[PDB]
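Pasting start-v4.tsv here (TSV, N, CA and C atoms):
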```tsv
chain	number	residue	atom	x	y	z
H	1	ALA	N	-10.24	-4.47	-2.12
H	1	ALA	CA	-10.36	-3.03	-2.43
H	1	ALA	C	-10.51	-2.22	-1.16
H	2	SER	N	-11.53	-2.53	-0.36
H	2	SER	CA	-11.75	-1.83	0.90
H	2	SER	C	-10.78	-2.35	1.97
H	3	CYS	N	-9.50	-2.15	1.74
H	3	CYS	CA	-8.47	-2.61	2.64
H	3	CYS	C	-8.27	-1.63	3.80
H	4	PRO	N	-7.73	-2.12	4.93
H	4	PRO	CA	-7.54	-1.35	6.17
H	4	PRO	C	-6.85	-0.01	6.00
H	5	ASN	N	-6.16	0.16	4.90
H	5	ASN	CA	-5.29	1.31	4.73
H	5	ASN	C	-5.49	2.02	3.40
H	6	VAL	N	-6.73	2.18	2.94
H	6	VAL	CA	-6.95	2.86	1.67
H	6	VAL	C	-6.53	4.32	1.77
H	7	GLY	N	-5.50	4.67	1.02
H	7	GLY	CA	-4.95	6.01	1.07
H	7	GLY	C	-4.00	6.17	2.23
H	8	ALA	N	-3.61	5.05	2.81
H	8	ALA	CA	-2.70	5.06	3.95
H	8	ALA	C	-1.30	4.69	3.50
H	9	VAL	N	-0.32	5.43	3.99
H	9	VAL	CA	1.05	5.26	3.56
H	9	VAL	C	1.60	3.88	3.90
H	10	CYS	N	2.05	3.19	2.87
H	10	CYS	CA	2.78	1.94	3.02
H	10	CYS	C	4.20	2.16	2.54
H	11	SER	N	4.98	1.11	2.55
H	11	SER	CA	6.31	1.15	1.98
H	11	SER	C	6.63	-0.23	1.50
H	12	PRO	N	7.07	-0.38	0.24
H	12	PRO	CA	7.43	-1.69	-0.28
H	12	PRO	C	8.58	-2.31	0.52
H	13	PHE	N	9.18	-1.50	1.39
H	13	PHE	CA	10.28	-1.96	2.25
H	13	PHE	C	9.75	-2.48	3.58
H	14	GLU	N	8.44	-2.44	3.76
H	14	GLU	CA	7.81	-2.96	4.96
H	14	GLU	C	7.76	-4.49	4.89
H	15	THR	N	6.82	-5.09	5.60
H	15	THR	CA	6.76	-6.53	5.68
H	15	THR	C	5.62	-7.08	4.84
H	16	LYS	N	4.44	-6.51	5.03
H	16	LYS	CA	3.23	-6.95	4.35
H	16	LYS	C	2.52	-5.81	3.61
H	17	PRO	N	3.24	-4.93	2.88
H	17	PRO	CA	2.64	-3.72	2.29
H	17	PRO	C	1.36	-4.03	1.52
H	18	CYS	N	0.23	-3.66	2.12
H	18	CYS	CA	-1.09	-3.91	1.53
H	18	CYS	C	-1.22	-5.37	1.10
H	19	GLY	N	-0.53	-6.25	1.82
H	19	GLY	CA	-0.37	-7.63	1.39
H	19	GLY	C	-1.54	-8.51	1.77
H	20	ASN	N	-1.32	-9.34	2.78
H	20	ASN	CA	-2.33	-10.29	3.24
H	20	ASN	C	-3.52	-9.57	3.88
H	21	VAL	N	-4.37	-9.01	3.03
H	21	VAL	CA	-5.57	-8.32	3.46
H	21	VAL	C	-6.68	-8.60	2.46
H	22	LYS	N	-7.82	-7.94	2.64
H	22	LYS	CA	-8.94	-8.08	1.72
H	22	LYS	C	-8.70	-7.28	0.42
H	23	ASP	N	-7.62	-7.65	-0.29
H	23	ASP	CA	-7.28	-7.06	-1.59
H	23	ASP	C	-6.86	-5.58	-1.46
H	24	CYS	N	-5.58	-5.32	-1.65
H	24	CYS	CA	-5.02	-3.98	-1.52
H	24	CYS	C	-3.70	-3.90	-2.29
H	25	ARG	N	-3.29	-2.69	-2.65
H	25	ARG	CA	-2.05	-2.51	-3.41
H	25	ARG	C	-1.19	-1.40	-2.80
H	26	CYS	N	0.11	-1.66	-2.68
H	26	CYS	CA	1.04	-0.64	-2.20
H	26	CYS	C	1.58	0.13	-3.39
H	27	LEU	N	1.03	1.32	-3.63
H	27	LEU	CA	1.51	2.20	-4.68
H	27	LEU	C	2.76	2.90	-4.15
H	28	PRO	N	3.94	2.50	-4.62
H	28	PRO	CA	5.21	3.03	-4.12
H	28	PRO	C	5.53	4.41	-4.68
H	29	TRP	N	4.77	5.41	-4.23
H	29	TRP	CA	5.02	6.78	-4.61
H	29	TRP	C	5.97	7.45	-3.61
H	30	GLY	N	6.44	8.64	-3.97
H	30	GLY	CA	7.39	9.32	-3.13
H	30	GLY	C	8.79	8.88	-3.46
H	31	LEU	N	9.60	8.62	-2.44
H	31	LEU	CA	10.96	8.18	-2.69
H	31	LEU	C	11.16	6.76	-2.17
H	32	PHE	N	10.66	6.51	-0.97
H	32	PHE	CA	10.92	5.24	-0.30
H	32	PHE	C	9.65	4.50	0.11
H	33	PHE	N	8.48	5.02	-0.19
H	33	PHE	CA	7.28	4.42	0.35
H	33	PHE	C	6.15	4.46	-0.65
H	34	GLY	N	4.94	4.62	-0.15
H	34	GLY	CA	3.79	4.71	-1.00
H	34	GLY	C	2.51	4.73	-0.20
H	35	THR	N	1.43	4.25	-0.78
H	35	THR	CA	0.15	4.18	-0.08
H	35	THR	C	-0.63	2.93	-0.47
H	36	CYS	N	-1.31	2.35	0.51
H	36	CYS	CA	-2.25	1.28	0.25
H	36	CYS	C	-3.43	1.85	-0.50
H	37	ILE	N	-3.58	1.44	-1.74
H	37	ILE	CA	-4.59	1.99	-2.62
H	37	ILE	C	-5.56	0.92	-3.06
H	38	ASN	N	-6.55	1.35	-3.81
H	38	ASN	CA	-7.53	0.46	-4.39
H	38	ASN	C	-6.98	-0.12	-5.68
H	39	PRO	N	-6.85	-1.45	-5.77
H	39	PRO	CA	-6.30	-2.12	-6.95
H	39	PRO	C	-7.03	-1.72	-8.22
H	40	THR	N	-6.28	-1.13	-9.15
H	40	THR	CA	-6.79	-0.66	-10.44
H	40	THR	C	-7.99	0.29	-10.28
H	41	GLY	N	-8.15	0.83	-9.08
H	41	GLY	CA	-9.24	1.74	-8.81
H	41	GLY	C	-8.77	3.17	-8.73
```
Structure re-expressed in structure tokens:
Amino acid sequence: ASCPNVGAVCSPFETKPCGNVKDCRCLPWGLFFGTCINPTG
């Protein structure tokens, strides 16, 4: 949940979007990207 990029822009087209971290989710909002968010939070 408390991942390095909470509310930080990710992109599912990246390499590790909110991936190998202390639990994080890449919410793919916008057109091509998204944000590392709190899982189900």
**OP:** Just the strand (DSSP E or B) stuff from chain H, please, per backbone DSSP, written as a ChimeraX atom specification.
**Re:** /H:8-10,25-27,34-37
Subject >> Interatomic distance, atom N of residue 39 in chain H to atom C of residue 9 in chain H (Å, one decimal) >> reply: 13.9 Å
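Among the candidates H:2, H:7, H:33, H:41, the one nearest to residue 21 in chain H when counting only N, CA and C atoms is H:2.
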Subject >> Near-residue 35 in chain H list (8 Å; only N, CA and C atoms; drop same-chain fewer than 2 positions) as a PyMOL selection string >> reply: chain H and resi 5-12+17-18+24-30+33+37-38
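Here atom N of residue 19 in chain H and CA of residue 31 in chain H stand 19.0 Å from one another.
Going from atom N of residue 34 in chain H over to CA of residue 14 in chain H, you cover 9.6 Å.
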Missing atoms in range 14-34 of chain H: can you complete it with N, CA, C and O atoms, as a PDB file, in the coordinates of the input?
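And here is the file that came out, result-v3.pdb:
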```pdb
ATOM      1  N   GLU H  14       8.440  -2.440   3.760  1.00  0.00           N
ATOM      2  CA  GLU H  14       7.810  -2.960   4.960  1.00  0.00           C
ATOM      3  C   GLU H  14       7.760  -4.490   4.890  1.00  0.00           C
ATOM      4  O   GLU H  14       8.558  -5.118   4.196  1.00  0.00           O
ATOM      5  N   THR H  15       6.820  -5.090   5.600  1.00  0.00           N
ATOM      6  CA  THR H  15       6.760  -6.530   5.680  1.00  0.00           C
ATOM      7  C   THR H  15       5.620  -7.080   4.840  1.00  0.00           C
ATOM      8  O   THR H  15       5.808  -7.992   4.025  1.00  0.00           O
ATOM      9  N   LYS H  16       4.440  -6.510   5.030  1.00  0.00           N
ATOM     10  CA  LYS H  16       3.230  -6.950   4.350  1.00  0.00           C
ATOM     11  C   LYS H  16       2.520  -5.810   3.610  1.00  0.00           C
ATOM     12  O   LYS H  16       1.297  -5.698   3.739  1.00  0.00           O
ATOM     13  N   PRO H  17       3.240  -4.930   2.880  1.00  0.00           N
ATOM     14  CA  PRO H  17       2.640  -3.720   2.290  1.00  0.00           C
ATOM     15  C   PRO H  17       1.360  -4.030   1.520  1.00  0.00           C
ATOM     16  O   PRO H  17       1.410  -4.555   0.401  1.00  0.00           O
ATOM     17  N   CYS H  18       0.230  -3.660   2.120  1.00  0.00           N
ATOM     18  CA  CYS H  18      -1.090  -3.910   1.530  1.00  0.00           C
ATOM     19  C   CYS H  18      -1.220  -5.370   1.100  1.00  0.00           C
ATOM     20  O   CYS H  18      -1.940  -5.693   0.154  1.00  0.00           O
ATOM     21  N   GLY H  19      -0.530  -6.250   1.820  1.00  0.00           N
ATOM     22  CA  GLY H  19      -0.370  -7.630   1.390  1.00  0.00           C
ATOM     23  C   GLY H  19      -1.540  -8.510   1.770  1.00  0.00           C
ATOM     24  O   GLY H  19      -2.597  -8.452   1.140  1.00  0.00           O
ATOM     25  N   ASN H  20      -1.320  -9.340   2.780  1.00  0.00           N
ATOM     26  CA  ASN H  20      -2.330 -10.290   3.240  1.00  0.00           C
ATOM     27  C   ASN H  20      -3.520  -9.570   3.880  1.00  0.00           C
ATOM     28  O   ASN H  20      -3.672  -9.542   5.101  1.00  0.00           O
ATOM     29  N   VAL H  21      -4.370  -9.010   3.030  1.00  0.00           N
ATOM     30  CA  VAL H  21      -5.570  -8.320   3.460  1.00  0.00           C
ATOM     31  C   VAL H  21      -6.680  -8.600   2.460  1.00  0.00           C
ATOM     32  O   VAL H  21      -6.510  -9.403   1.535  1.00  0.00           O
ATOM     33  N   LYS H  22      -7.820  -7.940   2.640  1.00  0.00           N
ATOM     34  CA  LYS H  22      -8.940  -8.080   1.720  1.00  0.00           C
ATOM     35  C   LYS H  22      -8.700  -7.280   0.420  1.00  0.00           C
ATOM     36  O   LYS H  22      -9.461  -6.376   0.080  1.00  0.00           O
ATOM     37  N   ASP H  23      -7.620  -7.650  -0.290  1.00  0.00           N
ATOM     38  CA  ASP H  23      -7.280  -7.060  -1.590  1.00  0.00           C
ATOM     39  C   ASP H  23      -6.860  -5.580  -1.460  1.00  0.00           C
ATOM     40  O   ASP H  23      -7.687  -4.709  -1.177  1.00  0.00           O
ATOM     41  N   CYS H  24      -5.580  -5.320  -1.650  1.00  0.00           N
ATOM     42  CA  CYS H  24      -5.020  -3.980  -1.520  1.00  0.00           C
ATOM     43  C   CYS H  24      -3.700  -3.900  -2.290  1.00  0.00           C
ATOM     44  O   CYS H  24      -3.074  -4.919  -2.563  1.00  0.00           O
ATOM     45  N   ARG H  25      -3.290  -2.690  -2.650  1.00  0.00           N
ATOM     46  CA  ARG H  25      -2.050  -2.510  -3.410  1.00  0.00           C
ATOM     47  C   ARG H  25      -1.190  -1.400  -2.800  1.00  0.00           C
ATOM     48  O   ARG H  25      -1.693  -0.348  -2.444  1.00  0.00           O
ATOM     49  N   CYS H  26       0.110  -1.660  -2.680  1.00  0.00           N
ATOM     50  CA  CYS H  26       1.040  -0.640  -2.200  1.00  0.00           C
ATOM     51  C   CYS H  26       1.580   0.130  -3.390  1.00  0.00           C
ATOM     52  O   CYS H  26       2.448  -0.356  -4.111  1.00  0.00           O
ATOM     53  N   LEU H  27       1.030   1.320  -3.630  1.00  0.00           N
ATOM     54  CA  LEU H  27       1.510   2.200  -4.680  1.00  0.00           C
ATOM     55  C   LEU H  27       2.760   2.900  -4.150  1.00  0.00           C
ATOM     56  O   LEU H  27       2.643   3.804  -3.339  1.00  0.00           O
ATOM     57  N   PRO H  28       3.940   2.500  -4.620  1.00  0.00           N
ATOM     58  CA  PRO H  28       5.210   3.030  -4.120  1.00  0.00           C
ATOM     59  C   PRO H  28       5.530   4.410  -4.680  1.00  0.00           C
ATOM     60  O   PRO H  28       6.422   4.578  -5.512  1.00  0.00           O
ATOM     61  N   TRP H  29       4.770   5.410  -4.230  1.00  0.00           N
ATOM     62  CA  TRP H  29       5.020   6.780  -4.610  1.00  0.00           C
ATOM     63  C   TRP H  29       5.970   7.450  -3.610  1.00  0.00           C
ATOM     64  O   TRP H  29       6.304   6.897  -2.555  1.00  0.00           O
ATOM     65  N   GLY H  30       6.440   8.640  -3.970  1.00  0.00           N
ATOM     66  CA  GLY H  30       7.390   9.320  -3.130  1.00  0.00           C
ATOM     67  C   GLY H  30       8.790   8.880  -3.460  1.00  0.00           C
ATOM     68  O   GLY H  30       9.142   8.749  -4.631  1.00  0.00           O
ATOM     69  N   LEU H  31       9.600   8.620  -2.440  1.00  0.00           N
ATOM     70  CA  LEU H  31      10.960   8.180  -2.690  1.00  0.00           C
ATOM     71  C   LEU H  31      11.160   6.760  -2.170  1.00  0.00           C
ATOM     72  O   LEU H  31      11.748   5.921  -2.844  1.00  0.00           O
ATOM     73  N   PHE H  32      10.660   6.510  -0.970  1.00  0.00           N
ATOM     74  CA  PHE H  32      10.920   5.240  -0.300  1.00  0.00           C
ATOM     75  C   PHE H  32       9.650   4.500   0.110  1.00  0.00           C
ATOM     76  O   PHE H  32       9.740   3.449   0.738  1.00  0.00           O
ATOM     77  N   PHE H  33       8.480   5.020  -0.190  1.00  0.00           N
ATOM     78  CA  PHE H  33       7.280   4.420   0.350  1.00  0.00           C
ATOM     79  C   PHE H  33       6.150   4.460  -0.650  1.00  0.00           C
ATOM     80  O   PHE H  33       6.378   4.295  -1.843  1.00  0.00           O
ATOM     81  N   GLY H  34       4.940   4.620  -0.150  1.00  0.00           N
ATOM     82  CA  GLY H  34       3.790   4.710  -1.000  1.00  0.00           C
ATOM     83  C   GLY H  34       2.510   4.730  -0.200  1.00  0.00           C
ATOM     84  O   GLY H  34       2.507   5.175   0.945  1.00  0.00           O
TER      85      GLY H  34
END
```
